[PDB]
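J.: Got a structure for you, questions after.
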Amino acid sequence: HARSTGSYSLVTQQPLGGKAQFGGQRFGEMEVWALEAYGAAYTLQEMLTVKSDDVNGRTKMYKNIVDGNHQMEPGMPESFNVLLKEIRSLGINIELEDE
Amino acid sequence: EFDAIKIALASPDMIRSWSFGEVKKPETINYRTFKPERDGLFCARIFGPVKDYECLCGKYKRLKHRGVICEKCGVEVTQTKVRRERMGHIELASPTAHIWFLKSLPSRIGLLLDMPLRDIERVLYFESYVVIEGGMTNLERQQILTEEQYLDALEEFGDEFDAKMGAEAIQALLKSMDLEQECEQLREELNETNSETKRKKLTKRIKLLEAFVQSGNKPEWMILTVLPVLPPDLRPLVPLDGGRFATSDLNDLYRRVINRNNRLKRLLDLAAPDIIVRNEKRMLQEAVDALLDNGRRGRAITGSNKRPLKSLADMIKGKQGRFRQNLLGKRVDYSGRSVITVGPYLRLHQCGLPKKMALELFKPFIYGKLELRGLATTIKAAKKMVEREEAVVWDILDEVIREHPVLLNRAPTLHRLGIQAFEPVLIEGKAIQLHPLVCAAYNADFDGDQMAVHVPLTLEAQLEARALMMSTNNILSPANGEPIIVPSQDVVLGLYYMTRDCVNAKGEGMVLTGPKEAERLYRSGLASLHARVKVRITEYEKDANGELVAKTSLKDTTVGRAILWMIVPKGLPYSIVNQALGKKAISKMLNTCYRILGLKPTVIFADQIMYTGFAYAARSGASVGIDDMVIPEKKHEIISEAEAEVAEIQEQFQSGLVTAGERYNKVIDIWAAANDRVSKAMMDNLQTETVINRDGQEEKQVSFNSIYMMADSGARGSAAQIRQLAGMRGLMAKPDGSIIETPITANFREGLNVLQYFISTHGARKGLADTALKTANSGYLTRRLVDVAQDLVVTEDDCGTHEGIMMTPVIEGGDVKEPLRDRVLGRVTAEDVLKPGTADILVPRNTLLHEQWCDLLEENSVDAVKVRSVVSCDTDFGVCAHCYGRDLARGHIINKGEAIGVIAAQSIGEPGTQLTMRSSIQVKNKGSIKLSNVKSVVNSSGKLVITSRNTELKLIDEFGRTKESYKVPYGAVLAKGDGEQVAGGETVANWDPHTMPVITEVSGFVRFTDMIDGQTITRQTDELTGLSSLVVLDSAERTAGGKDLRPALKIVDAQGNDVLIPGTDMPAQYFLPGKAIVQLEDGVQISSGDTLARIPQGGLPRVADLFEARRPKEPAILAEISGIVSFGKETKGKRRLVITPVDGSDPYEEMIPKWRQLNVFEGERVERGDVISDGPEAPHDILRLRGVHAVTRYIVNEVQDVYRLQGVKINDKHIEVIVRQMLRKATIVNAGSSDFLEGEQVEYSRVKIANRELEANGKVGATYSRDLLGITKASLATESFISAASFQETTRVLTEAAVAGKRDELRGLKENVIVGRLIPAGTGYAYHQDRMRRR
DNA sequence: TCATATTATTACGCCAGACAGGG
DNA sequence: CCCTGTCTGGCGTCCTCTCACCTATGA
RNA sequence: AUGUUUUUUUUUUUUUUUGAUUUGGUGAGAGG
Ligand SMILES: [Zn+2]
Ligand SMILES: [Zn+2]
């Protein structure tokens, strides 16, 4: 099985799972620890922001690849803003501070 | 873009500021059409239009007026994702307190209003009343009231009196709670009391009272008044395949809260009576509490069928919340997965990758390449071209592959060598071809395994895959110094068959002018691959400074050793191939090649090793047959001699001469002896079976048996497995844990019958159950370790210290187990090591000890090295580059940046699978004696007896290093003395552990002081001997009239005056303990070394209990202060022990549980770190008593003992840094001139920078005290709540952070993996240097 | 079809952490 | 009042693949 | 040398760009 780009889920902006659903590989927790074990800071940054979740990042990246410019414009993951709204939907005021 | 994440409470004004419209109706959707509800949960005006830039109902179907809201639609006009960020709010009719601040353990409202949880819930569920500023009545403010208590009060205090209930009353209490006022009171209460329990109970209440005043969190924000609703997009309502909507659980929760709130508003309209609106508000309280955190209240609500439905807190917490399932691990585009296979033609920087996966993973690069050439125009055309797969896109694909690495990943990645980057080579096929040597890194066999491929998209990621994660760059395991590209199984058989010899072959003893014609004689058919031969080889030894000097000579060698010499690079000597080359020898061949010639010859030489091993293993034809497993001819007579022996033992058992346990022990002993004899018979019969003549009489050699080369080469097989295929397969054990007395005398070449196979299945089912349940604890151990580490980044170059732990070789009592060169390899010395002669600067004080320095250490026989350890590093927030050590997979020091906490945690937890889950001293060598911790005396006979319990007996050799060590008890008969030379095997120690010696220092006469027969001691004349002994009783058997009497022996002179201790003016009286029996009676003159009484008496969960720092059930008790010791009160729960120091203050004591067999007498002076009883010892006692270096030596020795018992090589840096992360918190003792509190627990770097910026001023600092937290308590007690929330319980940590108003200055690895940016360790450390500089 | 709103099983194994009881 | 059983909560491995099954009521 | 010398309705509207190809929990079983 292989996936470059196709459909994703509803709640989250990450790719679907499985083969019958044309989906990508779950880059799990211990693989993130293995990339932290190296100096792979940029590989991990595209591994969890551009390739997976951030919608503006992935559309800009697809257009940047097909122009011939391997460069990522990262932004913030969508599932973290989902986390902010689920935490904030309690009586909890979680924010994002100064520039 | 943004610094720290701030968490605080949500005010009702803040919740109305989040909101965009009140969600009234609970009606979800229409359900018969497609439209929602106006205005229900899924509204239009409150949130937004379903369709993008459209009024859902009807107006604006173009792009001109985005925003207009007509009365017929009551709809906003924006994007489809606008509803995902917009949230609604439910105006709760009746106030409802939060469940996270009422049941968090400890509750936030429980230790703030000074009221028990039980009483808080009673009033909260409309079952109890609470008073609130009554007035001039006889009632308190916190005191509650019941129906009867209120009824009577109602008729009594009908006027000025307030007694409400529920959240409303609670809210008022919190609202009317002067925070500041309580502070002073609490502070004054803590300074006006001495109660230990109260002190801790008051310090925990004042801590959460002053923390609330420090932030902008109000006391009335605990109760929920304006409940917030999560965005619809985040609670999606999609239908499955069919005609119904599979609705989420949160819609059930919100719809019930809104149904109940509408009912409660209608009842407060209608003026229903009291009990109706109490049940109505109570059902609303339980509905809100079920929405927020379901199931924390009594049994959780359920929709379909009996399974409870999932609430908001269950969208956060757990293994499947947002942290562990969508933020730490994500699903990933440009990724693939398939079954692996070998492909041995590869070079070790490249892997095979199928054409179909390659054309799917590289669709955008192919699109960009196709658009560059000009073959097509629009993007559609290119997608049709690769959907059709024409003849021109495969050249495009070979031009996008070429220099573009991919990340191969095996699915259980345990350490960092399980993600490696290759270059693709395209494969006709559907299976990833993976280079074989690399398999030993992935733990990948080829029995059905699968791997995932990931594509580095951007340019920095291609460079990170080539420069950090390439497979040529990972040739040493980061856990140690051992190479991980060791040749595994076929190739060592090909080498072991190639470089060997036989006593006659084709071309025996002919002479050859080079290795080239050695291979030419092997190929043409004129010699054999193993035929001993003088060749002329030219080995290049590089003895100058970087210059290779040729020396050519004639080596008496074989043909195969010359053929393998054609592949060895220049610098290695010929003697690396002159031996037989098993697996350990080829591993040290690649290791010496890496240490001498560097990286590139070692990569190309690893490939040439693998190619020549595969080729000559193919030419070998090394099969396995049924005749290869040679049965010993002596096996049947050994079994019959064992059968005669068990027959003799059972004939004694019929006549009852021996006991049953001694029978079972004798049967297990003779079957162990017969098993060892059968193994030696088959091992001789395999290791030297070949006996071939050469030009005359016969001559023997090691065998070319196939199973023996598979065992001796170390390819696959050991002694035990080849033992079970030929000799008997031992004594298998039943699942009771005890062994079975009748062994399995049949191997596998003979047939096992039925019972023997069933006993075998006992033994093997236990092993499969152990692995399949062991793996969960191994993985959870790696998780706890990488979440306690998680932060620690090499961030300096020198901390500027002179402290470091004292690396000695470790010695258990056998031969010296782990040499000093294994422990001080590549670790930077603390002070400069003196050469063992006299005062020489052998090595300087900041040199890395690589192999050349360690060889000059081994030549001089250096005792022990004071070396720098990670736990002694002075760097605030990180570890400096010298106190870590060598890079371990790079030859140099650790770079500024490389995350060492994560590689250390992986290197400790990765061998978690291989670990298991469930008289006197006899010297061995011949050397010199030395004693430490010794205070001794010469007895009458001459044997130096010892008056100290804790004496260490070292055996030092003639060179200076310490070769043996032992522990000698109080009062043992030493055959030798101090500084003496002995012989190998001579007994040097003797004692009796069943009889605790009460030996003396001086001589004289014996008097019975406080020894009265009848109450103190008893008369027990011996039965079978007649020589009686006055038996000393204990303090429990005698009655209360004489229980105060302490029996003792004090030595006098010939007159009767007390003979004093030499050095003091005190007599030497020995107080006899309980259960003693007097050996030497009254009037008998004594000497030293003679007793005065007879006193009769682990694998992987050990690693968990060392890092998590549990206490053992019966710890060894110690002394918190030095000085004289005494006893106390007679058995009220415990038996007291009072320690009065010589110069220090007296009042320390401890109540010992009296079930322990003590070690100390009444006239004994103790010390800190000195034992009082025996058994295991808790690490907190080591930390608060001996020192920090003592507890780090304790953990690294007690866990390298597990990792060495199971045989795993791990360097000690990793355990020292997880020990650093254990003892990172501290507690204050004297607050000093700072802003801390008395017994406040604060982290160590904070208090050290505080009193280091105050001590640089005039003010003297604050004196701390370090504390050792276990790894899950230490990773949950962090100054970064996302780090402590991605890990275990999120409810406790988020309420603690919310009511404290905590802020997360990100500054670690997992905060930046959550929030989606660069890691502040690796390549991103320059980015975080830049961002930290530009503030 | 369109609002009404929650009851008659037990059978893990530590391991911390808080709580009423009593010498 | 300091030990103490006793009770309550909170953990318990990653990755993947196949299949089936989904609230009752109701004038 | 010369041409108002057989006229009659045998009739004028495009594509337009502006947007995408759509699948959530529970429980059971297998591979490594
Ligand atoms: Zn409209
Ligand atoms: Zn340091």
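Letters A, B, ... mark the chains of the structure tokens in the order given; residue numbers begin at 1 per chain; ligand numbers begin at 1, in order shown.
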Could you make a table, as a Markdown table, of the residues of chain A that have an atom within 12 Å of an atom of chain D, each with its nearest atom pair and distance in Å to one decimal, counting only C-alpha atoms (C1' of nucleotides), in chain and number order?
T.:
```
| residue | atom | partner | partner_atom | distance |
| --- | --- | --- | --- | --- |
| A:1 | CA | D:16 | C1' | 11.5 |
| A:17 | CA | D:16 | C1' | 10.1 |
| A:18 | CA | D:16 | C1' | 8.3 |
| A:19 | CA | D:17 | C1' | 8.7 |
| A:20 | CA | D:17 | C1' | 10.1 |
| A:24 | CA | D:16 | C1' | 11.7 |
| A:25 | CA | D:15 | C1' | 9.0 |
| A:26 | CA | D:15 | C1' | 7.8 |
| A:27 | CA | D:15 | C1' | 8.9 |
| A:28 | CA | D:15 | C1' | 7.9 |
| A:29 | CA | D:14 | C1' | 8.6 |
| A:30 | CA | D:14 | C1' | 7.9 |
| A:31 | CA | D:14 | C1' | 10.2 |
```
J.: Output N, CA, C and O atoms for every residue in that selection, as a short mmCIF file (atom, residue, chain, number, x, y, z; two decimals), in the first residue's frame.
T.:
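Saved the output as result-v2.cif:
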```
data_model
loop_
_atom_site.label_atom_id
_atom_site.label_comp_id
_atom_site.auth_asym_id
_atom_site.auth_seq_id
_atom_site.Cartn_x
_atom_site.Cartn_y
_atom_site.Cartn_z
N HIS A 1 0.83 -1.18 0.00
CA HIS A 1 0.00 0.00 0.00
C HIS A 1 0.87 1.24 0.00
O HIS A 1 1.96 1.24 0.57
N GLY A 17 -7.14 5.73 7.95
CA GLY A 17 -6.33 4.57 8.26
C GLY A 17 -6.86 3.33 7.57
O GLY A 17 -8.06 3.13 7.46
N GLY A 18 -5.94 2.50 7.12
CA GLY A 18 -6.29 1.24 6.49
C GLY A 18 -5.84 1.19 5.04
O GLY A 18 -5.16 2.07 4.54
N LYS A 19 -6.23 0.10 4.39
CA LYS A 19 -6.01 -0.07 2.96
C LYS A 19 -7.30 0.07 2.17
O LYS A 19 -7.29 0.69 1.10
N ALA A 20 -8.40 -0.49 2.68
CA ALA A 20 -9.69 -0.35 2.02
C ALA A 20 -10.12 1.11 1.98
O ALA A 20 -10.72 1.57 1.00
N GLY A 24 -2.90 6.57 4.92
CA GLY A 24 -1.47 6.58 5.17
C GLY A 24 -1.11 5.92 6.49
O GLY A 24 -1.94 5.46 7.26
N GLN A 25 0.20 5.88 6.74
CA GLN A 25 0.76 5.12 7.84
C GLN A 25 0.72 5.93 9.12
O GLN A 25 1.07 7.11 9.12
N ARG A 26 0.29 5.30 10.21
CA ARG A 26 0.31 5.98 11.49
C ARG A 26 1.75 6.10 11.97
O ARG A 26 2.38 5.11 12.33
N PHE A 27 2.26 7.31 11.97
CA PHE A 27 3.60 7.58 12.46
C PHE A 27 3.49 7.75 13.96
O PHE A 27 3.29 8.85 14.46
N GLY A 28 3.62 6.65 14.67
CA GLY A 28 3.22 6.58 16.06
C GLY A 28 4.17 7.28 17.01
O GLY A 28 4.95 8.15 16.65
N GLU A 29 4.08 6.86 18.26
CA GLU A 29 4.75 7.61 19.31
C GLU A 29 6.22 7.27 19.38
O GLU A 29 7.07 8.16 19.53
N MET A 30 6.55 5.99 19.24
CA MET A 30 7.93 5.58 19.36
C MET A 30 8.75 5.98 18.15
O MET A 30 9.96 6.16 18.26
N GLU A 31 8.12 6.19 17.00
CA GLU A 31 8.82 6.75 15.86
C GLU A 31 9.14 8.22 16.06
O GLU A 31 10.18 8.69 15.61
#
```
J.: Determine which residues of segment 262-469 of chain B receive a DSSP assignment of alpha helix (DSSP H), computed from the backbone, and state them as a ChimeraX atom specification.
T.: /B:262-270,274-292,313-316,355-361,363-373,379-388,393-401,436-442,459-467
J.: Residues within 12 Å of ligand 2 (only C-alpha atoms (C1' of nucleotides) and all ligand atoms), as an MDAnalysis selection string?
T.: chainID B and resid 794:804 828:830 846 867:885 1217 1220
J.: Within 7 Å of ligand 1, which residues of chain B show up? Give each one with its shortest atom-to-atom distance in Å (one decimal) and the two atoms involved, counting only C-alpha atoms and all ligand atoms, rows by chain then rising residue number, as JSON lines.
T.:
```
{"residue": "B:55", "atom": "CA", "partner": "ligand 1", "partner_atom_place_in_ligand_line": "1 (Zn)", "distance": 4.1}
{"residue": "B:57", "atom": "CA", "partner": "ligand 1", "partner_atom_place_in_ligand_line": "1 (Zn)", "distance": 6.5}
{"residue": "B:58", "atom": "CA", "partner": "ligand 1", "partner_atom_place_in_ligand_line": "1 (Zn)", "distance": 5.3}
{"residue": "B:59", "atom": "CA", "partner": "ligand 1", "partner_atom_place_in_ligand_line": "1 (Zn)", "distance": 4.3}
{"residue": "B:60", "atom": "CA", "partner": "ligand 1", "partner_atom_place_in_ligand_line": "1 (Zn)", "distance": 6.4}
{"residue": "B:68", "atom": "CA", "partner": "ligand 1", "partner_atom_place_in_ligand_line": "1 (Zn)", "distance": 6.8}
{"residue": "B:69", "atom": "CA", "partner": "ligand 1", "partner_atom_place_in_ligand_line": "1 (Zn)", "distance": 5.4}
{"residue": "B:70", "atom": "CA", "partner": "ligand 1", "partner_atom_place_in_ligand_line": "1 (Zn)", "distance": 5.1}
{"residue": "B:73", "atom": "CA", "partner": "ligand 1", "partner_atom_place_in_ligand_line": "1 (Zn)", "distance": 5.2}
{"residue": "B:75", "atom": "CA", "partner": "ligand 1", "partner_atom_place_in_ligand_line": "1 (Zn)", "distance": 6.3}
```
J.: Can you tell me how far atom CA of residue 455 of chain B sits from atom CA of residue 334 of chain B, in Å to one decimal?
T.: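 About the pair atom CA of residue 455 of chain B and atom CA of residue 334 of chain B: they are 5.9 Å apart.
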J.: Write out as JSON, numbers by chain all residues of segment 782-1012 of chain B that DSSP puts in strand (DSSP E or B) for this structure's backbone.
T.: {"B": [793, 794, 806, 807, 810, 818, 829, 834, 835, 840, 841, 865, 866, 867, 879, 886, 893, 899, 922, 928, 929, 930, 931, 932, 936, 937, 938, 944, 945, 946, 951, 952, 953, 954, 955, 956, 962, 963, 964, 965, 966, 967, 968, 981, 987, 1000, 1004, 1005, 1006, 1007, 1008, 1009]}
J.: Using N, CA and C atoms, can you export the residues from the last selection as a short mmCIF file (atom, residue, chain, number, x, y, z; two decimals), in the first residue's frame?
T.:
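Output file again11.cif is given in full below:
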```cif
data_model
loop_
_atom_site.label_atom_id
_atom_site.label_comp_id
_atom_site.auth_asym_id
_atom_site.auth_seq_id
_atom_site.Cartn_x
_atom_site.Cartn_y
_atom_site.Cartn_z
N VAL B 793 18.74 18.14 27.16
CA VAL B 793 19.42 18.40 25.90
C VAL B 793 20.81 18.90 26.23
N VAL B 794 21.82 18.41 25.51
CA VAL B 794 23.19 18.88 25.68
C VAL B 794 23.25 20.34 25.26
N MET B 806 33.29 8.10 41.20
CA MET B 806 34.56 7.38 41.30
C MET B 806 34.37 6.02 40.63
N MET B 807 34.71 5.92 39.35
CA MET B 807 34.58 4.67 38.63
C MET B 807 35.69 3.72 39.03
N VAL B 810 33.87 -3.26 39.08
CA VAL B 810 32.90 -3.87 39.99
C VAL B 810 33.28 -5.32 40.23
N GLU B 818 33.53 -6.81 35.68
CA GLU B 818 33.54 -5.84 34.60
C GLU B 818 34.76 -4.95 34.77
N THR B 829 37.57 12.66 32.52
CA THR B 829 38.00 12.59 33.91
C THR B 829 37.71 13.88 34.66
N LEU B 834 46.45 10.50 38.80
CA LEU B 834 47.82 10.24 39.19
C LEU B 834 48.23 8.87 38.69
N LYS B 835 49.42 8.80 38.10
CA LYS B 835 50.02 7.51 37.77
C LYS B 835 50.26 6.73 39.06
N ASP B 840 52.44 11.54 39.67
CA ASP B 840 52.70 11.93 38.28
C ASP B 840 51.42 12.34 37.58
N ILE B 841 51.53 13.32 36.69
CA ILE B 841 50.42 13.69 35.83
C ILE B 841 50.42 12.71 34.67
N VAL B 865 39.34 5.61 38.54
CA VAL B 865 39.38 6.93 37.94
C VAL B 865 38.24 7.75 38.49
N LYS B 866 38.54 8.95 38.98
CA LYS B 866 37.48 9.90 39.29
C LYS B 866 37.07 10.60 38.01
N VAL B 867 35.85 10.31 37.54
CA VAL B 867 35.42 10.69 36.20
C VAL B 867 34.15 11.51 36.36
N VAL B 879 22.58 19.28 30.16
CA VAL B 879 23.80 18.61 30.55
C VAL B 879 24.93 19.15 29.70
N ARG B 886 31.52 10.41 25.79
CA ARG B 886 31.70 10.17 24.37
C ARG B 886 30.32 10.06 23.71
N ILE B 893 33.28 13.64 21.21
CA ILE B 893 32.43 14.04 22.30
C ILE B 893 31.03 14.35 21.77
N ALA B 899 20.00 15.16 21.61
CA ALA B 899 19.13 14.79 22.71
C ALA B 899 19.63 13.50 23.33
N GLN B 922 36.18 -18.48 50.63
CA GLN B 922 37.19 -19.30 49.97
C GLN B 922 37.82 -18.47 48.86
N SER B 928 47.75 -10.48 47.72
CA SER B 928 48.00 -9.80 48.98
C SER B 928 46.68 -9.38 49.63
N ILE B 929 46.67 -9.37 50.96
CA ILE B 929 45.48 -9.06 51.73
C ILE B 929 45.49 -7.57 52.05
N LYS B 930 44.31 -6.94 52.08
CA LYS B 930 44.16 -5.60 52.63
C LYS B 930 42.78 -5.53 53.27
N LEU B 931 42.67 -4.80 54.37
CA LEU B 931 41.39 -4.66 55.05
C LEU B 931 40.96 -3.19 55.09
N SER B 932 39.66 -2.96 54.93
CA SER B 932 39.06 -1.64 55.04
C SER B 932 37.88 -1.73 55.99
N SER B 936 40.01 -4.14 64.80
CA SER B 936 40.24 -5.55 65.07
C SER B 936 41.00 -5.72 66.37
N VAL B 937 41.16 -6.98 66.78
CA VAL B 937 41.90 -7.35 67.97
C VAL B 937 42.42 -8.77 67.79
N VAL B 938 43.61 -9.03 68.33
CA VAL B 938 44.23 -10.34 68.28
C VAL B 938 43.69 -11.17 69.44
N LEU B 944 43.29 -12.99 63.93
CA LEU B 944 42.84 -11.61 64.11
C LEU B 944 41.33 -11.53 63.96
N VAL B 945 40.62 -11.36 65.07
CA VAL B 945 39.17 -11.25 65.03
C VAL B 945 38.82 -9.77 64.95
N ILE B 946 37.60 -9.48 64.51
CA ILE B 946 37.21 -8.13 64.12
C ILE B 946 36.11 -7.64 65.04
N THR B 951 33.29 -4.72 57.86
CA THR B 951 34.67 -4.77 57.37
C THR B 951 34.74 -5.37 55.97
N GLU B 952 35.41 -4.66 55.07
CA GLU B 952 35.61 -5.10 53.70
C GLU B 952 37.00 -5.73 53.57
N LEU B 953 37.04 -6.98 53.12
CA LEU B 953 38.28 -7.73 52.94
C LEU B 953 38.63 -7.69 51.46
N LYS B 954 39.63 -6.89 51.09
CA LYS B 954 40.08 -6.82 49.71
C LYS B 954 41.30 -7.71 49.51
N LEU B 955 41.39 -8.29 48.33
CA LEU B 955 42.57 -8.98 47.86
C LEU B 955 43.16 -8.13 46.75
N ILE B 956 44.27 -7.47 47.06
CA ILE B 956 45.01 -6.60 46.15
C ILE B 956 46.13 -7.44 45.56
N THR B 962 42.74 -3.56 42.60
CA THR B 962 41.96 -4.37 43.52
C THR B 962 41.30 -5.50 42.75
N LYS B 963 41.65 -6.74 43.08
CA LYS B 963 41.12 -7.87 42.33
C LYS B 963 39.98 -8.59 43.04
N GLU B 964 39.93 -8.63 44.36
CA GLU B 964 38.81 -9.28 45.03
C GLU B 964 38.32 -8.43 46.19
N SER B 965 37.06 -8.66 46.56
CA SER B 965 36.46 -7.99 47.70
C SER B 965 35.41 -8.89 48.32
N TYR B 966 35.31 -8.82 49.65
CA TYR B 966 34.36 -9.61 50.42
C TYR B 966 33.90 -8.80 51.62
N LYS B 967 32.79 -9.24 52.22
CA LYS B 967 32.27 -8.62 53.44
C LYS B 967 32.40 -9.63 54.57
N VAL B 968 33.10 -9.24 55.62
CA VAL B 968 33.40 -10.11 56.76
C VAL B 968 32.57 -9.63 57.95
N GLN B 981 50.63 -11.87 52.46
CA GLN B 981 50.62 -12.61 51.22
C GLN B 981 50.13 -14.03 51.48
N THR B 987 42.03 -20.98 52.75
CA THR B 987 40.93 -20.36 53.48
C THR B 987 41.46 -19.27 54.40
N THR B 1000 35.00 -10.11 73.04
CA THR B 1000 35.43 -8.95 73.82
C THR B 1000 36.65 -8.29 73.20
N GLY B 1004 39.71 -10.92 81.66
CA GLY B 1004 39.31 -10.77 83.04
C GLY B 1004 38.30 -11.84 83.41
N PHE B 1005 37.53 -11.55 84.46
CA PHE B 1005 36.50 -12.46 84.95
C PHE B 1005 35.11 -11.97 84.54
N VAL B 1006 34.16 -12.90 84.56
CA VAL B 1006 32.82 -12.69 84.05
C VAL B 1006 31.86 -12.60 85.23
N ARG B 1007 31.04 -11.55 85.26
CA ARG B 1007 29.95 -11.46 86.22
C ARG B 1007 28.61 -11.34 85.50
N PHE B 1008 27.59 -11.89 86.13
CA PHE B 1008 26.23 -11.88 85.60
C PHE B 1008 25.53 -10.62 86.09
N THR B 1009 25.59 -9.54 85.32
CA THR B 1009 24.97 -8.28 85.73
C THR B 1009 23.52 -8.28 85.26
#
```
J.: With a distance cut-off of 12 Å and only C-alpha atoms (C1' of nucleotides), select the neighbouring residues of residue 1096 of chain B, excluding the residue or stretch itself and same-chain residues fewer than 4 positions from it, and output the selection as an mmCIF file with N, CA and C atoms, in the first residue's frame.
T.:
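Contents of selection_22.cif, as written:
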```cif
data_model
loop_
_atom_site.group_PDB
_atom_site.id
_atom_site.type_symbol
_atom_site.label_atom_id
_atom_site.label_comp_id
_atom_site.auth_asym_id
_atom_site.auth_seq_id
_atom_site.Cartn_x
_atom_site.Cartn_y
_atom_site.Cartn_z
ATOM 1 N N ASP B 992 30.625 -18.296 62.309
ATOM 2 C CA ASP B 992 29.379 -19.043 62.475
ATOM 3 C C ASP B 992 28.220 -18.060 62.417
ATOM 4 N N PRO B 993 27.439 -18.033 61.339
ATOM 5 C CA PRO B 993 26.328 -17.071 61.258
ATOM 6 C C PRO B 993 25.151 -17.424 62.149
ATOM 7 N N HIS B 994 24.990 -18.693 62.528
ATOM 8 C CA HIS B 994 23.897 -19.085 63.409
ATOM 9 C C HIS B 994 24.169 -18.757 64.868
ATOM 10 N N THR B 995 25.357 -18.254 65.195
ATOM 11 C CA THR B 995 25.747 -17.922 66.563
ATOM 12 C C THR B 995 26.441 -16.566 66.519
ATOM 13 N N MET B 996 25.721 -15.524 66.896
ATOM 14 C CA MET B 996 26.242 -14.163 66.854
ATOM 15 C C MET B 996 27.278 -13.965 67.951
ATOM 16 N N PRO B 997 28.551 -13.729 67.619
ATOM 17 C CA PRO B 997 29.588 -13.676 68.651
ATOM 18 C C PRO B 997 29.554 -12.380 69.440
ATOM 19 N N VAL B 1031 19.783 -19.991 79.751
ATOM 20 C CA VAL B 1031 19.233 -19.471 78.505
ATOM 21 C C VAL B 1031 18.600 -18.110 78.768
ATOM 22 N N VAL B 1032 19.084 -17.084 78.071
ATOM 23 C CA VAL B 1032 18.578 -15.727 78.239
ATOM 24 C C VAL B 1032 17.220 -15.611 77.555
ATOM 25 N N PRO B 1073 21.023 -9.571 74.147
ATOM 26 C CA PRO B 1073 19.699 -9.393 73.538
ATOM 27 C C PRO B 1073 18.759 -10.550 73.832
ATOM 28 N N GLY B 1074 17.581 -10.521 73.213
ATOM 29 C CA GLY B 1074 16.662 -11.630 73.335
ATOM 30 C C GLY B 1074 17.130 -12.848 72.565
ATOM 31 N N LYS B 1075 16.544 -13.993 72.937
ATOM 32 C CA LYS B 1075 16.768 -15.310 72.329
ATOM 33 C C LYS B 1075 18.231 -15.753 72.381
ATOM 34 N N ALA B 1076 18.999 -15.267 73.346
ATOM 35 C CA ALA B 1076 20.390 -15.673 73.480
ATOM 36 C C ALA B 1076 20.508 -16.821 74.477
ATOM 37 N N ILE B 1077 21.611 -17.559 74.367
ATOM 38 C CA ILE B 1077 21.928 -18.664 75.267
ATOM 39 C C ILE B 1077 23.374 -18.486 75.711
ATOM 40 N N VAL B 1078 23.595 -18.409 77.024
ATOM 41 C CA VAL B 1078 24.917 -18.110 77.567
ATOM 42 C C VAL B 1078 25.848 -19.305 77.362
ATOM 43 N N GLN B 1157 15.775 -8.793 63.260
ATOM 44 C CA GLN B 1157 16.965 -9.254 63.961
ATOM 45 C C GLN B 1157 18.029 -8.173 63.802
#
```
J.: State, in Å with one decimal place, the distance from atom CA of residue 1119 of chain B to atom CA of residue 1168 of chain B.
T.: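 If I compute the distance from atom CA of residue 1119 of chain B to atom CA of residue 1168 of chain B, I get 5.5 Å.
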J.: Residues of chain E within 12 Å of chain A: nearest atom pair and distance (Å, one decimal) for each, counting only C-alpha atoms (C1' of nucleotides), sorted by chain and number, as CSV?
T.:
```
residue,atom,partner,partner_atom,distance
E:20,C1',A:7,CA,11.7
E:21,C1',A:7,CA,10.3
E:22,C1',A:7,CA,8.6
E:23,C1',A:9,CA,8.3
E:24,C1',A:10,CA,8.1
```
J.: Once you count only C-alpha atoms (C1' of nucleotides), what closest atom pair and distance in Å to one decimal does each residue of chain E within 12 Å of chain B have, with rows by chain and rising residue number, as a tab-separated table?
T.:
```
residue	atom	partner	partner_atom	distance
E:17	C1'	B:62	CA	11.6
E:18	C1'	B:62	CA	8.4
E:19	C1'	B:52	CA	9.1
E:22	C1'	B:238	CA	11.7
E:23	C1'	B:240	CA	6.5
E:24	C1'	B:238	CA	6.6
E:25	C1'	B:248	CA	7.6
E:26	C1'	B:307	CA	7.9
E:27	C1'	B:307	CA	10.6
E:31	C1'	B:448	CA	7.2
E:32	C1'	B:449	CA	5.4
```
